[PDB]
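Here is structure.csv, consisting of CSV, N, CA and C atoms:
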```
chain,number,residue,atom,x,y,z
A,1,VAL,N,-39.0,-31.1,-12.8
A,1,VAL,CA,-40.3,-31.6,-12.2
A,1,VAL,C,-41.4,-30.8,-12.8
A,2,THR,N,-42.6,-31.4,-12.9
A,2,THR,CA,-43.8,-30.7,-13.5
A,2,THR,C,-45.0,-31.3,-12.9
A,3,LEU,N,-45.4,-30.7,-11.8
A,3,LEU,CA,-46.7,-31.2,-11.1
A,3,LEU,C,-47.8,-30.2,-11.3
A,4,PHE,N,-48.6,-30.3,-12.4
A,4,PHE,CA,-49.7,-29.3,-12.6
A,4,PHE,C,-51.0,-29.9,-12.0
A,5,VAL,N,-52.0,-29.1,-12.0
A,5,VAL,CA,-53.3,-29.6,-11.4
A,5,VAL,C,-54.4,-29.2,-12.4
A,6,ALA,N,-55.4,-30.0,-12.5
A,6,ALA,CA,-56.6,-29.7,-13.4
A,6,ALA,C,-57.5,-28.7,-12.8
A,7,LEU,N,-57.4,-27.4,-13.2
A,7,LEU,CA,-58.2,-26.4,-12.6
A,7,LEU,C,-59.7,-26.7,-12.8
A,8,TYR,N,-60.0,-27.5,-13.8
A,8,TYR,CA,-61.4,-27.9,-14.0
A,8,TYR,C,-61.5,-29.4,-14.3
A,9,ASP,N,-62.7,-30.0,-14.3
A,9,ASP,CA,-62.9,-31.4,-14.6
A,9,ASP,C,-62.7,-31.6,-16.1
A,10,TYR,N,-62.8,-32.8,-16.6
A,10,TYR,CA,-62.6,-33.0,-18.1
A,10,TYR,C,-63.2,-34.4,-18.5
A,11,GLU,N,-64.1,-34.4,-19.4
A,11,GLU,CA,-64.7,-35.7,-19.8
A,11,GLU,C,-64.1,-36.1,-21.1
A,12,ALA,N,-62.9,-36.7,-21.1
A,12,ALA,CA,-62.3,-37.1,-22.4
A,12,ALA,C,-63.3,-37.7,-23.3
A,13,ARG,N,-63.7,-37.0,-24.3
A,13,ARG,CA,-64.7,-37.5,-25.3
A,13,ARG,C,-64.0,-38.6,-26.2
A,14,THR,N,-62.7,-38.6,-26.2
A,14,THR,CA,-62.0,-39.6,-27.1
A,14,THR,C,-61.0,-40.4,-26.3
A,15,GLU,N,-60.5,-41.4,-26.8
A,15,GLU,CA,-59.5,-42.2,-26.0
A,15,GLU,C,-58.1,-41.6,-26.2
A,16,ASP,N,-58.0,-40.6,-27.1
A,16,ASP,CA,-56.6,-39.9,-27.2
A,16,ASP,C,-56.3,-39.1,-26.0
A,17,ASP,N,-57.2,-38.3,-25.6
A,17,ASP,CA,-57.0,-37.4,-24.4
A,17,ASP,C,-57.3,-38.3,-23.1
A,18,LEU,N,-57.4,-37.6,-22.0
A,18,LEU,CA,-57.7,-38.4,-20.7
A,18,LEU,C,-58.9,-37.8,-20.0
A,19,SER,N,-59.3,-38.3,-18.9
A,19,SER,CA,-60.5,-37.8,-18.2
A,19,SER,C,-60.2,-37.7,-16.7
A,20,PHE,N,-60.7,-36.7,-16.0
A,20,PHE,CA,-60.4,-36.6,-14.6
A,20,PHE,C,-61.4,-35.5,-14.0
A,21,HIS,N,-61.1,-35.1,-12.8
A,21,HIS,CA,-62.0,-34.1,-12.1
A,21,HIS,C,-61.1,-32.9,-11.6
A,22,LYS,N,-61.6,-31.7,-11.7
A,22,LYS,CA,-60.8,-30.6,-11.2
A,22,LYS,C,-60.1,-30.9,-9.8
A,23,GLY,N,-58.8,-31.0,-9.8
A,23,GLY,CA,-58.2,-31.3,-8.5
A,23,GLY,C,-57.2,-32.5,-8.7
A,24,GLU,N,-57.2,-33.1,-9.8
A,24,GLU,CA,-56.3,-34.2,-10.1
A,24,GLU,C,-54.9,-33.7,-10.5
A,25,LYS,N,-53.9,-34.2,-10.0
A,25,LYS,CA,-52.5,-33.8,-10.4
A,25,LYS,C,-52.1,-34.5,-11.7
A,26,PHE,N,-51.1,-33.9,-12.4
A,26,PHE,CA,-50.7,-34.5,-13.7
A,26,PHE,C,-49.2,-34.2,-13.9
A,27,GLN,N,-48.5,-35.1,-14.6
A,27,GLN,CA,-47.1,-34.8,-14.9
A,27,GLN,C,-46.8,-34.5,-16.3
A,28,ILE,N,-46.8,-33.2,-16.6
A,28,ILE,CA,-46.6,-32.8,-18.1
A,28,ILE,C,-45.3,-33.3,-18.6
A,29,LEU,N,-45.3,-33.9,-19.7
A,29,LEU,CA,-44.0,-34.5,-20.2
A,29,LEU,C,-43.6,-33.7,-21.5
A,30,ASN,N,-44.6,-33.5,-22.3
A,30,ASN,CA,-44.4,-32.8,-23.6
A,30,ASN,C,-45.4,-31.7,-23.8
A,31,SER,N,-45.0,-30.4,-23.7
A,31,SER,CA,-46.0,-29.3,-23.9
A,31,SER,C,-45.7,-28.6,-25.2
A,32,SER,N,-44.7,-27.7,-25.1
A,32,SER,CA,-44.3,-26.9,-26.3
A,32,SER,C,-45.6,-26.2,-26.9
A,33,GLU,N,-46.2,-25.3,-26.1
A,33,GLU,CA,-47.3,-24.6,-26.6
A,33,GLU,C,-48.2,-25.5,-27.4
A,34,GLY,N,-49.1,-24.9,-28.2
A,34,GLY,CA,-50.0,-25.7,-29.0
A,34,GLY,C,-51.4,-25.7,-28.4
A,35,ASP,N,-51.9,-26.8,-27.8
A,35,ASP,CA,-53.2,-26.8,-27.2
A,35,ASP,C,-53.4,-28.1,-26.5
A,36,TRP,N,-52.9,-29.2,-27.0
A,36,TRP,CA,-53.1,-30.5,-26.4
A,36,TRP,C,-51.7,-31.0,-25.8
A,37,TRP,N,-51.6,-31.0,-24.5
A,37,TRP,CA,-50.4,-31.4,-23.8
A,37,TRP,C,-50.5,-32.9,-23.4
A,38,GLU,N,-49.3,-33.6,-23.4
A,38,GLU,CA,-49.4,-35.0,-23.0
A,38,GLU,C,-48.9,-35.1,-21.5
A,39,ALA,N,-49.9,-35.3,-20.6
A,39,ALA,CA,-49.5,-35.4,-19.2
A,39,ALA,C,-49.8,-36.9,-18.7
A,40,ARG,N,-49.0,-37.3,-17.8
A,40,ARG,CA,-49.2,-38.7,-17.3
A,40,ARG,C,-50.0,-38.7,-16.0
A,41,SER,N,-51.0,-39.4,-15.9
A,41,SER,CA,-51.8,-39.4,-14.6
A,41,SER,C,-51.1,-40.2,-13.5
A,42,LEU,N,-50.9,-39.7,-12.4
A,42,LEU,CA,-50.2,-40.4,-11.3
A,42,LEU,C,-51.1,-41.4,-10.6
A,43,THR,N,-52.3,-41.5,-11.1
A,43,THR,CA,-53.3,-42.4,-10.5
A,43,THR,C,-53.4,-43.7,-11.4
A,44,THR,N,-53.5,-43.6,-12.7
A,44,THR,CA,-53.6,-44.8,-13.5
A,44,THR,C,-52.2,-45.2,-14.0
A,45,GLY,N,-51.3,-44.2,-14.3
A,45,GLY,CA,-50.0,-44.5,-14.7
A,45,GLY,C,-49.8,-44.3,-16.2
A,46,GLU,N,-50.9,-44.3,-17.0
A,46,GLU,CA,-50.8,-44.1,-18.4
A,46,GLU,C,-50.8,-42.6,-18.7
A,47,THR,N,-50.4,-42.2,-19.9
A,47,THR,CA,-50.5,-40.7,-20.2
A,47,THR,C,-51.4,-40.5,-21.3
A,48,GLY,N,-51.8,-39.2,-21.5
A,48,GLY,CA,-52.8,-38.9,-22.6
A,48,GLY,C,-52.7,-37.5,-23.0
A,49,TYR,N,-53.4,-37.0,-24.0
A,49,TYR,CA,-53.4,-35.6,-24.4
A,49,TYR,C,-54.4,-34.8,-23.6
A,50,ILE,N,-54.1,-34.2,-22.5
A,50,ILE,CA,-55.1,-33.4,-21.7
A,50,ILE,C,-55.0,-31.9,-22.2
A,51,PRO,N,-56.0,-31.2,-22.0
A,51,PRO,CA,-56.1,-29.8,-22.3
A,51,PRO,C,-55.0,-29.0,-21.6
A,52,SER,N,-54.1,-28.3,-22.2
A,52,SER,CA,-53.1,-27.5,-21.5
A,52,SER,C,-53.7,-26.4,-20.7
A,53,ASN,N,-54.7,-25.8,-21.2
A,53,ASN,CA,-55.4,-24.7,-20.4
A,53,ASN,C,-56.2,-25.3,-19.3
A,54,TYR,N,-56.3,-26.6,-19.2
A,54,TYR,CA,-57.1,-27.2,-18.1
A,54,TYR,C,-56.1,-27.5,-16.9
A,55,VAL,N,-54.9,-27.3,-17.1
A,55,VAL,CA,-53.9,-27.6,-16.0
A,55,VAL,C,-53.0,-26.4,-15.8
A,56,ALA,N,-52.5,-26.2,-14.6
A,56,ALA,CA,-51.6,-25.1,-14.3
A,56,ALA,C,-50.5,-25.6,-13.3
A,57,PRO,N,-49.3,-24.9,-13.4
A,57,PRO,CA,-48.2,-25.2,-12.5
A,57,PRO,C,-48.6,-25.1,-11.0
A,58,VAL,N,-48.2,-26.1,-10.2
A,58,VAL,CA,-48.5,-26.0,-8.8
A,58,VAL,C,-47.4,-25.4,-8.0
```

Translate the structure described by the file into structure tokens.
Amino acid sequence: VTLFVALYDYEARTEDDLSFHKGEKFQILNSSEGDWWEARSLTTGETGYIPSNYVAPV
């Protein structure tokens, strides 16, 4: 299981990443260090590349 939370908001400036507000949960599927993690939003259902440092394990 992987239920992280956005410690801060995020205005996806591109369609590649996602957008949300500090407090939104996310399901990390592919991290592997780096910088851009692919988490699926449990609200919309689609996934995107959100900032790995913008989310933490709950």

Closest atom pairs, residues of stretch 4-23 of chain A within 8 Å of stretch 28-45 of chain A, all atoms listed in the file, as a Markdown table:
```
| residue | atom | partner | partner_atom | distance |
| --- | --- | --- | --- | --- |
| A:4 | N | A:28 | N | 5.4 |
| A:17 | CA | A:37 | C | 8.0 |
| A:18 | N | A:39 | N | 8.0 |
```

Emit the selected residues as a PDB file, in the coordinates of the input, including N, CA and C atoms.
```pdb
ATOM      1  N   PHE A   4     -48.600 -30.300 -12.400  1.00  0.00           N
ATOM      2  CA  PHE A   4     -49.700 -29.300 -12.600  1.00  0.00           C
ATOM      3  C   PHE A   4     -51.000 -29.900 -12.000  1.00  0.00           C
ATOM      4  N   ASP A  17     -57.200 -38.300 -25.600  1.00  0.00           N
ATOM      5  CA  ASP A  17     -57.000 -37.400 -24.400  1.00  0.00           C
ATOM      6  C   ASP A  17     -57.300 -38.300 -23.100  1.00  0.00           C
ATOM      7  N   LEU A  18     -57.400 -37.600 -22.000  1.00  0.00           N
ATOM      8  CA  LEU A  18     -57.700 -38.400 -20.700  1.00  0.00           C
ATOM      9  C   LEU A  18     -58.900 -37.800 -20.000  1.00  0.00           C
TER      10      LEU A  18
END
```

| Among chain A, which ones does DSSP place in strand (DSSP E or B), written as a count of residues only? | 26

| query | Residues around (-59.6, -29.1, -9.2), cut-off 7 Å, counting only C-alpha atoms - what are they as a PyMOL selection string? | reply | chain A and resi 5-9+21-24

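Proximity ranking of A:25, A:10, A:19, A:1 relative to residue A:56 places A:25 first, based on only C-alpha atoms.
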
| message | Between atom C of residue A:49 and atom CA of residue A:16, what distance in Å does the model show, to one decimal? | response |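 So the answer is 6.6 Å.
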
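Across the model, the gap from atom CA of residue A:3 to atom C of residue A:57 is 6.4 Å.
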
Is it possible to add N, CA, C and O atoms to stretch 22-43 of chain A and hand it back as a short mmCIF file (atom, residue, chain, number, x, y, z; two decimals), in the coordinates of the input?
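The resulting rebuild.cif:
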```
data_model
loop_
_atom_site.label_atom_id
_atom_site.label_comp_id
_atom_site.auth_asym_id
_atom_site.auth_seq_id
_atom_site.Cartn_x
_atom_site.Cartn_y
_atom_site.Cartn_z
N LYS A 22 -61.60 -31.70 -11.70
CA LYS A 22 -60.80 -30.60 -11.20
C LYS A 22 -60.10 -30.90 -9.80
O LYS A 22 -60.83 -31.11 -8.83
N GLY A 23 -58.80 -31.00 -9.80
CA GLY A 23 -58.20 -31.30 -8.50
C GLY A 23 -57.20 -32.50 -8.70
O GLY A 23 -56.47 -32.86 -7.79
N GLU A 24 -57.20 -33.10 -9.80
CA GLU A 24 -56.30 -34.20 -10.10
C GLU A 24 -54.90 -33.70 -10.50
O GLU A 24 -54.81 -32.77 -11.34
N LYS A 25 -53.90 -34.20 -10.00
CA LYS A 25 -52.50 -33.80 -10.40
C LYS A 25 -52.10 -34.50 -11.70
O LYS A 25 -52.63 -35.46 -12.10
N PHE A 26 -51.10 -33.90 -12.40
CA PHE A 26 -50.70 -34.50 -13.70
C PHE A 26 -49.20 -34.20 -13.90
O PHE A 26 -48.65 -33.25 -13.38
N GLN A 27 -48.50 -35.10 -14.60
CA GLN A 27 -47.10 -34.80 -14.90
C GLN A 27 -46.80 -34.50 -16.30
O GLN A 27 -46.67 -35.32 -17.18
N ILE A 28 -46.80 -33.20 -16.60
CA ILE A 28 -46.60 -32.80 -18.10
C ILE A 28 -45.30 -33.30 -18.60
O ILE A 28 -44.25 -33.05 -17.93
N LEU A 29 -45.30 -33.90 -19.70
CA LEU A 29 -44.00 -34.50 -20.20
C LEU A 29 -43.60 -33.70 -21.50
O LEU A 29 -42.50 -33.33 -21.74
N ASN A 30 -44.60 -33.50 -22.30
CA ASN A 30 -44.40 -32.80 -23.60
C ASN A 30 -45.40 -31.70 -23.80
O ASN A 30 -46.56 -31.96 -24.10
N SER A 31 -45.00 -30.40 -23.70
CA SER A 31 -46.00 -29.30 -23.90
C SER A 31 -45.70 -28.60 -25.20
O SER A 31 -46.26 -28.82 -26.19
N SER A 32 -44.70 -27.70 -25.10
CA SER A 32 -44.30 -26.90 -26.30
C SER A 32 -45.60 -26.20 -26.90
O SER A 32 -45.94 -26.39 -28.02
N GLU A 33 -46.20 -25.30 -26.10
CA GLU A 33 -47.30 -24.60 -26.60
C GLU A 33 -48.20 -25.50 -27.40
O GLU A 33 -48.16 -26.69 -27.35
N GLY A 34 -49.10 -24.90 -28.20
CA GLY A 34 -50.00 -25.70 -29.00
C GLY A 34 -51.40 -25.70 -28.40
O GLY A 34 -52.14 -24.70 -28.54
N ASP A 35 -51.90 -26.80 -27.80
CA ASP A 35 -53.20 -26.80 -27.20
C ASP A 35 -53.40 -28.10 -26.50
O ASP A 35 -54.06 -28.18 -25.47
N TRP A 36 -52.90 -29.20 -27.00
CA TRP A 36 -53.10 -30.50 -26.40
C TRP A 36 -51.70 -31.00 -25.80
O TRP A 36 -50.79 -31.26 -26.48
N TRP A 37 -51.60 -31.00 -24.50
CA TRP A 37 -50.40 -31.40 -23.80
C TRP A 37 -50.50 -32.90 -23.40
O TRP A 37 -51.53 -33.41 -23.19
N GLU A 38 -49.30 -33.60 -23.40
CA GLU A 38 -49.40 -35.00 -23.00
C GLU A 38 -48.90 -35.10 -21.50
O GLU A 38 -47.76 -35.08 -21.22
N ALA A 39 -49.90 -35.30 -20.60
CA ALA A 39 -49.50 -35.40 -19.20
C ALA A 39 -49.80 -36.90 -18.70
O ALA A 39 -50.68 -37.52 -19.18
N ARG A 40 -49.00 -37.30 -17.80
CA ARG A 40 -49.20 -38.70 -17.30
C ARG A 40 -50.00 -38.70 -16.00
O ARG A 40 -49.58 -37.99 -15.04
N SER A 41 -51.00 -39.40 -15.90
CA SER A 41 -51.80 -39.40 -14.60
C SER A 41 -51.10 -40.20 -13.50
O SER A 41 -50.71 -41.35 -13.76
N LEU A 42 -50.90 -39.70 -12.40
CA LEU A 42 -50.20 -40.40 -11.30
C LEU A 42 -51.10 -41.40 -10.60
O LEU A 42 -50.77 -42.09 -9.71
N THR A 43 -52.30 -41.50 -11.10
CA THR A 43 -53.30 -42.40 -10.50
C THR A 43 -53.40 -43.70 -11.40
O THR A 43 -53.24 -44.82 -10.87
#
```
